[PDB]
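Alright, here's a single protein chain in two forms, structure 1 and structure 2, each given by itself as structure tokens.
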Structure 1
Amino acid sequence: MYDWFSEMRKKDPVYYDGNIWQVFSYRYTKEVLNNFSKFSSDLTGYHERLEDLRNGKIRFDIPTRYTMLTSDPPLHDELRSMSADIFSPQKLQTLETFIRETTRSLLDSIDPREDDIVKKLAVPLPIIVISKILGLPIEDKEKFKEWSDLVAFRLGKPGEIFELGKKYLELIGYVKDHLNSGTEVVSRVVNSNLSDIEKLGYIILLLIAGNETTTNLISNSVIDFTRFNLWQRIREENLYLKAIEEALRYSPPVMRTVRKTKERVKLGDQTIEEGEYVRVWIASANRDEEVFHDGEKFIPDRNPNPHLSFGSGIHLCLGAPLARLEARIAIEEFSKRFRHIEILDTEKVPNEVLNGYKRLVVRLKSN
């Protein structure tokens, strides 16, 4: 992948394949993400359907089509404003102790002789934490990890990131069943003037959408630190913060995102018609030499690091403070807990947008 990025960055940073457009350079990627008025996120007809959702003309639909993720201002701002305080670093700092108790308790369950740290650490941690934040009880651990696995690029349902079917209907059942027992954020949404369909989409989004991505951040960090042999240095020079950011830049859990043009617009030398999809390659932009010196090297204390792995502009990941925090703690406790790590086996997440590991088998010595 990355060498193709490197080539496209040289020869067409903005590229039409006869179907859609694809952007590879940092400058044009950031331009696209921030120009919400020409590059829309409304890929699921949320705005056009909003009124009929609220007045009940629309009786049945896929709840996760209608969230802040697939909306433009003002609807987007109004939706996000309901939970932005909760996911701020100031408000999350309360959780540090809980996140840390949880982490070390998850480290305990690990067999240093041989274990899968995706299964033991990286998967359960984001799930335990978001459950705590939302007041939504992990009743069945297996259901929750299965629900988390529904999150995927969907060709070609362009706004959609949830696989449907019986497991999805189970998730809807679960959420209807716990609406009223939730923490205050859930109460905000439940008591709002949103349609029930939107209420479901909103909760499901917060509950589930961030699990695998955060899990991937943790896994990719473990991989990158091990391969490039930085564990000691990170621990000794205390580089956690900047290292995690370099992980995010180098191994982004979300490889790319997409927009649709609201009007004919100009990007670089190219002219993009209206109604065209524009795929924006975060992973490629994160290695643009114009912005990142030695962009193909992993510098654990890289600075500056204005990477795009949480996006840019009004859609800048709501979970970024949370993901950074969980990851920071996970790594810290991990690097303190073990001295030696060898990688026995890996199985990658196999699809196109999500970038991480289904299995990461290690041998660690105990400390």
Structure 2
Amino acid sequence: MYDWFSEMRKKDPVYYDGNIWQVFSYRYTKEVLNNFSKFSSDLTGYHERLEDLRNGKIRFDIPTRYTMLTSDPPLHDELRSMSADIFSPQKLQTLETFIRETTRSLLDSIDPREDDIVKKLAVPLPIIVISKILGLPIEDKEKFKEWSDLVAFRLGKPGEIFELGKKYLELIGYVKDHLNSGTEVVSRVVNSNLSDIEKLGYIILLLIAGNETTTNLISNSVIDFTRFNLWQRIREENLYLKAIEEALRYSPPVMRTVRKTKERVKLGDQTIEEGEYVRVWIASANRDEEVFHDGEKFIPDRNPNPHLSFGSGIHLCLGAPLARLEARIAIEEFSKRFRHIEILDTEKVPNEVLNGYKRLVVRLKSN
């Protein structure tokens, strides 16, 4: 993928293939993401059917079609403002203890002889933490993951119709049946002027949408640090914070996102007409030579590091601070308890939008 990205950044930064437009450079990728007035996120019919949702004419529908992720202003802020401080520095600080204790416990279940860290650590951590933060109970652990997988899948394909399967129905039932136990943020959404469908969509987004991406950040970090033999230096120079950002830039959990033009727009040397879909390749922008010197090289102490892995503009990842914290703690604690790491087997998640691992089997030394 990266040799292709490179060639495109050089010859066709903004390329039209007759179906959609694709952007590969940092400059333009950032331009699209920030210019919400001309590059819309309204790709799931949220704005068009908002009215029939609010007045109740629409009763059965896909909740995830209606979240802030696929809304433009002013609806966007009306939604985001309700949870904009859900991961406040003060709240996160209080959670560090929970996250650390949790991480320590997950690490204790690992059999050093041979075990899958995606299963034992990368997958569990985010679920346990978001569950704690939102107040929604972890019961059937396999179902939680199933929901994590399906939601991430759908979010990567905005506008593509998919009927509510059994699993999704169980997800919806679960949320409906546990809203009462929800915390502050959840109560604010439940007691708002949003239609039921929206409340369900909003809760699903907060509770499940960030699990697979954070899991991938953790998995990708382990892989990179190991591939490039950086563990020793990271511990020694305390590059955790910087090295995790390099991991976000070098191996982004989300490879790209989507936008639609609302009007004729000039992007680079190209002119894009109205109603066109624009695939923004975050993964490619993150390696742009202009912005990141020696961009194809992993530099653990790279700084500053303005990667676009959390996006940019009004939709900048609401969960960025939490994802960063969980990743930092998982990596920090992992490096301390384990002396050496040997990767025995790996299996990648077959997906174009999400970049991570389904299995990461390793052999470790303690102390």
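Only residues modelled in both forms are compared. Every residue number counts along structure 1's sequence, beginning with 1. What we label the rigid core is the largest C-alpha set whose atoms superpose within 1.5 Å from one form to the other.
**Request:** Considering only 188, 167, 260, 154, single out the residue whose C-alpha is displaced by at least 2 Å between structure 1 and structure 2 after superposing the rigid core.
**Result:** Going through each option, the one that shifts is 154.
**Message:** Superposing on the rigid core, is the Cα displacement of residue 109 between structure 1 and structure 2 2 Å or more?
**Reply:** Not so; residue 109 is displaced by less than 2 Å.
**Asked** After fitting the rigid core, is the C-alpha of residue 229 off by 2 Å or more between structure 1 and structure 2?
**Response** After core superposition, the C-alpha of residue 229 moves less than 2 Å between structure 1 and structure 2.
**Did residue 89 shift 2 Å or more between structure 1 and structure 2, C-alpha, core superposed** = Where the cores coincide, residue 89 still shows a C-alpha shift between structure 1 and structure 2 that is 2 Å or more.
**Request:** For residue 59, give the CA shift between structure 1 and structure 2 in Å, the superposition being done on the rigid core.
**Result:** Its alpha carbon moves by 2.0 Å.
**Item:** Per-residue Cα shift, residue 119, between structure 1 and structure 2 [Å; core superposed]
**Value:** On core superposition, this C-alpha lies 0.1 Å from its counterpart.
**Message:** Give me the residue ranges between structure 1 and structure 2 where at least 3 consecutive Cα atoms each move 2 Å or more, fitting on the core only.
**Reply:** These are the shifted runs between structure 1 and structure 2: 88-91, 151-164.
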